[PDB]
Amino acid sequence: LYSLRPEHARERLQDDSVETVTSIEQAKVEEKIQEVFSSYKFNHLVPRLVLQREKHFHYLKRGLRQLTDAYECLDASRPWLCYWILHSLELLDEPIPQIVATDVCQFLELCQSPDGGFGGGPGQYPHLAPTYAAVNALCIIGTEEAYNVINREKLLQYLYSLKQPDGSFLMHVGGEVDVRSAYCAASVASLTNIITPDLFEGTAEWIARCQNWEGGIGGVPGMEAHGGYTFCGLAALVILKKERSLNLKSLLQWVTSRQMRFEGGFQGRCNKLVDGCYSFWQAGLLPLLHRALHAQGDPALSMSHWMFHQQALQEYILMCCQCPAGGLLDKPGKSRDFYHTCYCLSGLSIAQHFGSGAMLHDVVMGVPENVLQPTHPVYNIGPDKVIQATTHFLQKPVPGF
């Protein structure tokens, strides 16, 4: 275990004897993490990195049907709860009974707006985030019943209603603009085969303007580079085949600098704290950059590993991000939630599975039962589901209007 090695203590923060809110908060985190790493030594047991599959599964299978009023704050994010859960069960290799699947399909139909796109719940106005979640959820289910839920002609219209002259997209009508909208749109339009010639005109250029002096990408031009936005920006560009519009090298340097030398997990932005969900947003960028640089015929790229420490990340996730009761989380001391369960698991899978053409190289830390089903780095749903959904929708022609 990398994290448990003795020389690893050398990775602790060096505040140069100048304390600020930043160094103080990081230190608190490192101290908490260190206690977790050393728990084994202090209890004289052999470290046993085990993914609590059954704990995680009861939590999920249950949340998929009903939730306490503690989830009232997600009343406008229901298609998200479906995606997060169905995707977590998918990584965990747990099946969806044809009865549950049909129920999820029927619910998402209620969330679908008559004007295209999906709302965060039955009767809510359509928004791009739940539209992305709804389509992803339906593709995880992958039945003809699921595919047929999506009204493709209205969806295209919807995307056009948000398209802006500068290339960006609004998240919803009368709403805000940021890099997320470009990705939600490129993700749902590509999976459903509704991309018209001018739909993403200028979008690649707009996303490129979000890349800043740091190498990463901000929500809108001028903003601080962030992991969630950077994933959305790069993944959207990969979908549009315009990754080259970014300075891939400065981006590669920014994302790899986000892995915490001590904790092993990723931070969202420079000088902030590590967080489990970034196991996917940040680490998920490496497979994307791999594919892109390799598309440029990069000869120096590894043939077995991603350009981040797969071992340290898997260790942070397994030792620090699991809730004994089931479910995953931000960091020790934080509460579990379905968002973190989806992304900690998603980041673990990215961390375990490597691939580059003919090359395939896994790295499963702890017990081999830890290995999860693979996830597609662009869509974050099983690779099979992507191939399956795109092939299906390719039977359909692009709505002409």
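If you superpose the two forms and keep the largest set of C-alpha atoms that fall within 1.5 Å, you have the rigid core. Numbers for residues come from their place in the sequence shown, where the first is 1.
In a rigid core superposition of the other structures in 9 other deposited structures of this protein, 35-43 and 338-346 differ in how far their CA atoms stray, and the farther one is 35-43. Of 130-138 and 69-77, the stretch whose C-alpha atoms sit farther from the shown form in 9 other deposited structures of this protein, after fitting on the rigid core, is 69-77.
Once the C-alpha B-factors are averaged per stretch, 206-214 and 97-105 rank with 97-105 first. With 336-344 and 353-361 compared on mean CA B-factor from the PDB entry, the stretch scoring higher is 353-361. The PDB entry gives the largest Cα B-factor of the residues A325, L159, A129, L237 to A325. The residue among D166, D115, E263, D275 whose C-alpha atom has the highest B-factor in the PDB entry is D115. Remark: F280 belongs to the lowest third of its chain, ranked by C-alpha B-factor as recorded. Among the modelled residues of the chain, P122 sits in the middle third by CA temperature factor in this PDB entry.
When all modelled residues of the chain are sorted by CA temperature factor, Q314 is found within the middle third. Among the modelled residues of its chain, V21 has a C-alpha B-factor that falls in the middle third according to the deposited record. The PDB entry assigns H226 a C-alpha temperature factor belonging to the lowest third of its chain's modelled residues.
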